[PDB]
Structure formats: structure tokens, C-alpha cells
Amino acid sequence: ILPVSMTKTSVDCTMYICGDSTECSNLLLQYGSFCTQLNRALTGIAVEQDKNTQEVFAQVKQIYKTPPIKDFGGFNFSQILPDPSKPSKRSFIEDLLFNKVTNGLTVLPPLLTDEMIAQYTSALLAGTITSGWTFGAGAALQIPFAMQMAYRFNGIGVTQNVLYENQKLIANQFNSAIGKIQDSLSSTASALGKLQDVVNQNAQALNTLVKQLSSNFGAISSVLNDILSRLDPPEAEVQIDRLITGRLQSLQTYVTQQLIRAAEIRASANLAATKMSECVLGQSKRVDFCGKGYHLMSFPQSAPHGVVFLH
Amino acid sequence: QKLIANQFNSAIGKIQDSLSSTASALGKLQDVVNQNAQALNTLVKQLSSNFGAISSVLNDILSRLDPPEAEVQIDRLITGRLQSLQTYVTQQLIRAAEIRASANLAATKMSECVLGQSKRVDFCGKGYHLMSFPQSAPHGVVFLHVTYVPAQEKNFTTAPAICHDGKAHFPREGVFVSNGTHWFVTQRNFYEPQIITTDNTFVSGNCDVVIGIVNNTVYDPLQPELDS
Amino acid sequence: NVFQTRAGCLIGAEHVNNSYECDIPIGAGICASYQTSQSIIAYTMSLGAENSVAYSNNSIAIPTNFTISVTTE
Ligand SMILES: *[C@@H]1O[C@H](CO)[C@@H](O[C@@H]2O[C@H](CO)[C@@H](O)[C@H](O)[C@H]2NC(C)=O)[C@H](O)[C@H]1NC(C)=O
Ligand SMILES: *[C@@H]1O[C@H](CO)[C@@H](O[C@@H]2O[C@H](CO)[C@@H](O)[C@H](O)[C@H]2NC(C)=O)[C@H](O)[C@H]1NC(C)=O
Ligand SMILES: *[C@@H]1O[C@H](CO)[C@@H](O[C@@H]2O[C@H](CO)[C@@H](O)[C@H](O)[C@H]2NC(C)=O)[C@H](O)[C@H]1NC(C)=O
Ligand SMILES: *[C@@H]1O[C@H](CO)[C@@H](O[C@@H]2O[C@H](CO)[C@@H](O)[C@H](O)[C@H]2NC(C)=O)[C@H](O)[C@H]1NC(C)=O
Ligand SMILES: *[C@@H]1O[C@H](CO)[C@@H](O[C@@H]2O[C@H](CO)[C@@H](O)[C@H](O)[C@H]2NC(C)=O)[C@H](O)[C@H]1NC(C)=O
Ligand SMILES: *[C@@H]1O[C@H](CO)[C@@H](O)[C@H](O)[C@H]1NC(C)=O
Ligand SMILES: *[C@@H]1O[C@H](CO)[C@@H](O)[C@H](O)[C@H]1NC(C)=O
Ligand SMILES: *[C@@H]1O[C@H](CO)[C@@H](O)[C@H](O)[C@H]1NC(C)=O
């Protein structure tokens, strides 16, 4: 499992710092470009946060779609192939992934919507099966399935006669193995530990970023008007000098996190798009890059602000 | 060889006009520059701001004012102008670490995709990779990835083995195919049929366990040599 | 002539029931574009442009001819 994107937020600096004042907002004009160079910061995030998910998932020209007649030689994918019976068509395992996961502050919606994503990972996963890998290097080539696996063995050095001669017994070692996941997905809320914790850390910051509005910073009060209301412009300067300082200094502390954390996601996003390119669409030769053991293929599955590979 | 030369050459030409008439091809490099300049400007202008202090210029706070004024005033400048740096600095460090991540990517492409031939799918650009030509650009590098993309398909009927005598045969390299009479082993990524002789195949066991096997005469290279 | 998105109230562009590739991404899948009386239109984008492959357990498709591209990076 990997994170891919983090929640696109946006914070209007002006309003956070100075909520609702013509007074307060007249001091903040003096501190200069700060406010205006934050909103540029928090955008550069929100841009790329949609560039990530663009790069991971959509590597494919066209949306393929499965044939309605499923015969793969005994390999049973109905687990991972999507479900017409949901409103948004998400294969079984895709849904467990959803359930198991738990002042000027906006949150923007993601460009690609958690339904659309499910079309991609229902394309890759559906062009992986019929077309072999050749859809990554060109336009997909239908090839029988079990005449693919014979070409994902030669990749690991086992010669293909080890397939057709074992074919059945493999299918069960497969068809079973897929089954265990569900439990291990349903039994273990620590399967998702990665994604689960990202989403926390964000909402952990805001709850800290929000409580800041309650702080004295040495000023008389955390209600920005009760200063203003009670106390006079030649006085409330200093008192509001502090809050504007602190509440500002409390942004930068937050803005700096995001830039640091977002760069982290940005790094984990590339790792995905490298798997998703090499692992999914290819057969990866990089020992233990795609998971322990000689690697055969991999099936992407979307998860909220994340992606889950079955290797 | 000759055809391929052209397909190469023409593809070279188009690149020029993919550039000469389009500046937005350089968007990446174009941004890295802007964001830099976009900092300094934003940094420079911070000199003009008063940070609450009673003037922008230091001298004019120096001159006009008594030190016990100037002191308390000059702080606000400093503390402001100081803090403006730490912003500007941090932005660099964070940004300059991003570059470092994209330098370490080129130094990889340079090593693998140029000096070698990369097996990593779509690391060198869509399609099977052949070679790469670095070209320098201002504060950045531009690769010309020469890739191999297949084109014109033909359907075929394919079967994973062949019973000849009841042993199987599996193709040694690349699939079996048939166009409807003459089975053909072939290499996978390009269509070059060949009649099936033992050099193409290697026997494994006997039929039944194979699933989808098909009859045929797997030709015998030796046998005609025995006409004597 | 006002549209109601998931992202917000979008004033000044005419909804379209077609779906084309994205041009100016707005939010929640709604991509605006200028195509023609040329009026800014806003339309749910097609993720890719749909395809389907004919998969049948005995049938394979082998490219008979290739190309050579050159792709800047
Ligand atoms: C493929 O596996 C799925 C489950 O992974 C099987 O679905 C079950 O099918 C039986 C009918 O034999 C139903 O009674 C069950 O309710 C199904 N399970 C679920 C969770 O819906 C399916 O039978 C298998 N099919 C093939 C062709 O392998
Ligand atoms: C190869 O290994 C697999 C598992 O490691 C064996 O699969 C099981 O074999 C037993 C035989 O005692 C069967 O009863 C089971 O039905 C098999 N599993 C499944 C899922 O079908 C397999 O037997 C091994 N082969 C050899 C020759 O030892
Ligand atoms: C293989 O494909 C190439 C191009 O994809 C073909 O080359 C072109 O062929 C046409 C006529 O068939 C000529 O008019 C073009 O000038 C050729 N291109 C170039 C760059 O010279 C080639 O003919 C194809 N070969 C087969 C057997 O299909
Ligand atoms: C399948 O391809 C084979 C290989 O060409 C064809 O067999 C030969 O086809 C050529 C076509 O120029 C004829 O001149 C030969 O006489 C054929 N060989 C024999 C022994 O007849 C075959 O015709 C093709 N079949 C189909 C249905 O396309
Ligand atoms: C390939 O031809 C063989 C002939 O060697 C077929 O095997 C025969 O199958 C029939 C069907 O019941 C039996 O009556 C014969 O006894 C089998 N032959 C022998 C020698 O025992 C086989 O069915 C054919 N299969 C394919 C896929 O072509
Ligand atoms: C292969 O067969 C399918 C049949 O569904 C057809 O649609 C497709 O066009 C065929 N491809 C070629 C190259 O003839
Ligand atoms: C392929 O599927 C067809 C269904 O039309 C079936 O009749 C045939 O036995 C199958 N053969 C193989 C090799 O999968
Ligand atoms: C989309 O289609 C529905 C029914 O087909 C129609 O009522 C609606 O007016 C259409 N919307 C636009 C923007 O054309």
C-alpha cells in the first residue's frame, strides 16, 4: 500500500489571521506579501496533489473494459473485477478498502473523483488481463491469458512448461490466495496502517492549527474583536500586533509542515507510478521491488487517497 | 535497415518543429526559472514594506529619530526583514531539495537510459526503449528517447502447445500462432512466422495435462538429411 | 445560464452532455473548454476515450509492423 495524494486544503491567509475586521486587516497590509505568498504556497501543493493522482493512475491512453465472458483458464478475478451492483462500480476488494479506512479553512474536491479512479484501476486491471503487458508499450494486444502467464514465467526463469503442466493446481494456489486477502483485509485494521496514518496526520495539524486561534500569544485575549471592541486603536495596535504576529507565525509553522509532508507524499507518489509503470504494466526484475519472491504480475486497486497493489 | 533510417530521421525532424513553434514544450524548465525569480522579486519587495515600522528606509529612520526611538523602530524592520529571509531561505531549501530529487532522476536516466539500454518499462518513455540522446538546456537536460512502438496488428488463432506424437511441444521463444492452416511459431513483438521444427520447440511430458493443445506435424530438421 | 457543480456555482459557461478530454480542470471531474459563436463550455470529462478489447481464450494479436518514435523528456 502507498499514499498517493493528501487532502487538498486551502486556507485563506487573510481571513484566518484576521477574521472579520477592517481594523485587523489594515495592519496585515503592512507585513506585506506574507499572506499573498502563502496562498501561492498552499496552491503549489493543491496543484501537484492533482498532478500526482494524474501520474499514478492515468498512464493509459484509453479506457479498456472487460469482456462480459469471463474465462481465464480457472483464474477467478470476480473479486477484483468491478461490480455493476454498486452505484459506483468498485470491485469487492475495492470496497473493503473504503470501509476499513477511517475561519477560512476550505477543502477542495479532487479533480479525479473516487468514481473515476475506479474506472482507471478498472482499465489497467482490465487491460492487464486480456492484453498482456503490451498495452503499456502501444495499443493493447489481446492474447489469451494462460498464454500470458507462460510469458511471466520466462521472466522469472521458470520455463513455461511449468505452467501448462501445472496449470490447474496453480489456479487454486491463485484462486485461494486471493481469498485470504479479504479476511486479512477484514481481520486486520493494521493492513492499512500507512494510508490510515497519513489522513490522521493532516487532520492532526488542522486541529492544532485551529486551536491556535484560542491563544493569547501574550495578548489579552484570543477573541480578536474583544480586543478591538473593548480597546482603542492606539492601544489595540500592540495587543493586535501580537496576535497577528502569533497567528501568522502559526500559519508558517503549518505551511512549512505541508511543504515538507507534501514533498514526502510526492516521493511516495513517484514510487507508486514507478511500480504502476514497471510492476503492473511490465514484469519487474528488481528483486523485492514488487514484493517478496520472483514477481509475476500485479493488480492495482484504488483506496482513499492511496493505492493498493496486489503482488 | 533503410526504412528504419528514415523513420528515425523524420522523427528527428519533427522534434525541431515540436520545439521551434512551441515554447510550452519546455514548461518544466520554464517554471523552475520563474519560481526562482518569483522568489527574489517577492523577496526584494519585502524591502519596501514597513512591517509596522514608521518608515521603509533605514537611514530615514536613522536620521529622523532619536536612538531610543530608532532602536524600537529599527527592530520592527529587522525582525520583519529577518523573518522575510527565513521564509525565503526555507523556500529555497525545500525547493532545492526537489531539484535534488529530479537531479537524482536524471543521473539515473543518464546512467541507465543512455549508457545502457533500460529494461524498465516507461522509464525511458512510452514504448520499448532503444537509446537516448542527452541534450543540454539552460539549467536542465533534455533527453531524446528513441523508442520502439509496434503498429499494425493481425489477429491469429493461438494455442499454447502442440501434441505431435503425444508428447507436447512448447515453443522455445515466442508464441505459436495459426492463420487457419499452417501453424507458425513466431517471436512475440514482431510478426515473423516460421515453420515449426524442433529447434523452435522443446518437448515436455505428454499431452493431456496441457490445456488447449492442438494437433500438428512438428517438422523434423534431421529427417530429410537421411534421404541417402 | 448557471451551472451547479460539485465544486461550486459556475457562472458563465454552458453545460454540455458530451464528454471530451479535459482541457481546463475545474473540480470533481468537470473540465471547461472553449470549443464552439464560441462559448466557454463546461462538461464532465471522459477519463480517457473508451475502448474495449476482444478477448477470447484462443486468439492472439501480433503486430506485423512497427514504428520508431522520438519522445522528448
Ligand atoms: C469466482 O469466485 C467468486 C468469489 O470469489 C465465486 O462467487 C461465488 O459464487 C457462488 C456460486 O457458485 C455463490 O453462491 C457465492 O455467493 C459467490 N460468492 C460471492 C462472494 O458472491 C464464483 O463462483 C467464482 N466463479 C468462478 C467462475 O471461478
Ligand atoms: C506442490 O505444492 C503444493 C502446495 O505446496 C501441493 O498442493 C497440494 O498438494 C496436496 C497433495 O498432498 C493436495 O491434496 C492439495 O489439494 C494441493 N493443494 C491444492 C490447493 O490443490 C502440491 O501437491 C505439491 N506437489 C507435489 C508433487 O508435491
Ligand atoms: C511498415 O510501416 C511503415 C511505416 O509505418 C511503412 O513505411 C511506409 O510505407 C508507405 C507505403 O507502404 C510509404 O509511402 C511510406 O513512405 C513509408 N514510410 C517511410 C517513412 O518511408 C512500411 O511500408 C510498412 N511495411 C509493411 C510491410 O507494412
Ligand atoms: C496462412 O499462411 C500460410 C503461409 O503463407 C499460407 O500457406 C501458403 O500461402 C501462400 C500465400 O502466398 C501460398 O502461395 C502457398 O501455396 C501456401 N502454402 C500451401 C502449402 O498451400 C496459407 O495460405 C495461409 N492461410 C490463410 C487462411 O491465410
Ligand atoms: C489430436 O489427434 C489425436 C490423435 O492422435 C486425438 O487423439 C484421439 O482422440 C480420439 C477422441 O476420442 C480418440 O478416439 C483416439 O484414440 C485418440 N488418439 C489416440 C492415438 O489414442 C486428439 O483428440 C486430437 N486432439 C487435438 C487437440 O487435436
Ligand atoms: C480481431 O477480431 C475482432 C473480433 O471481435 C475484431 O473486432 C478486430 O477488428 C480484429 N482485429 C484485426 C486486426 O483484424
Ligand atoms: C475457449 O473458450 C471456448 C468458448 O467459446 C471453449 O469452447 C474452448 O474449449 C476454450 N478453449 C481453450 C483452449 O481455452
Ligand atoms: C442532458 O441530457 C438530458 C436528457 O438527455 C437533458 O434533459 C439535459 O437538458 C441535457 N443537458 C444539457 C446541458 O444539454
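Note that chain B carries Swiss-Prot numbering, so the residues on display, from first to last, are 920-1147.
According to its header, the structure was obtained by electron microscopy, 3.5 Å.
Cβ atoms here come from the backbone N, Cα and C positions, even for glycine.
The disulfide bond annotation in Swiss-Prot covers B:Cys1032-B:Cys1043, B:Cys1082-B:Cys1126 and rests on experimental evidence. The N-linked glycosylation site annotation in Swiss-Prot covers B:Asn1074, B:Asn1098, B:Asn1134. The region 'Heptad repeat 1' annotation in Swiss-Prot covers B:920-970.
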Query raised in the report: So, in DSSP terms, is B:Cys1032 (disulfide bond) helix, strand, or coil?
Result: helix
Requested in this report: List those recorded positions among B:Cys1032, B:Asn1074, B:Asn1134 whose Cβ lies under 8 Å from any Cβ of chain C, in sequence order, or write 'none' if there are none.
Outcome: B:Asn1074
Report summary line: Reading the DSSP string in three states, the entry for B:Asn1074 (N-linked glycosylation site) is strand
Query raised in the report: Cα distance, B:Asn1074 (N-linked glycosylation site) to B:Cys1032 (disulfide bond), nearest Å?
Result: 33
Query raised in the report: Around B:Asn1134 (N-linked glycosylation site), which residues of its chain at least 6 apart sit with Cβ under 8 Å of its Cβ?
Result: B:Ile1081, B:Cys1082
Query raised in the report: In this structure, which of the glycosylation sites B:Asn1074, B:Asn1098 has the fewest other Cβ atoms within 10 Å of its Cβ?
Result: B:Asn1098
Requested in this report: For B:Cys1043 (disulfide bond), name the DSSP secondary structure in the helix/strand/coil scheme.
Outcome: coil
Requested in this report: Count, for each of the disulfide-bonded residues B:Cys1032, B:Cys1126, the other C-beta atoms lying within 10 angstroms of its own C-beta, and report the residue with the smallest count.
Outcome: B:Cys1126
Requested in this report: Using C-alpha positions only, work out which of the recorded positions B:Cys1043, B:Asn1074, B:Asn1098 is nearest to B:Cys1126 (disulfide bond).
Outcome: B:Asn1098
Report task. Taking ligand 4 as the reference, state which of the recorded positions B:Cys1032, B:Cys1043, B:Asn1074, B:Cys1082, B:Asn1098, B:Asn1134 have a Cβ closer than 6 Å to one of its atoms. Result -> B:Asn1098
Query - Fewest other C-beta atoms within 10 angstroms, as judged across B:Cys1043, B:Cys1082, which are the disulfide-bonded residues - result: B:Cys1082
Query raised in the report: Cβ under 6 Å from ligand 5: which of the recorded positions B:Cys1032, B:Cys1043, B:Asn1074, B:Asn1098, B:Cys1126, B:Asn1134 qualify?
Result: B:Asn1134
Requested in this report: Determine, to the nearest whole angstrom, how far the Cα atom of B:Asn1098 (N-linked glycosylation site) is from the Cα atom of B:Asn1074 (N-linked glycosylation site).
Outcome: 8
Report task. Provide the three-state DSSP residue tally for the region 'Heptad repeat 1' (B:920-970): helix first, then strand, then coil. Result -> 41 helix, 0 strand, 10 coil
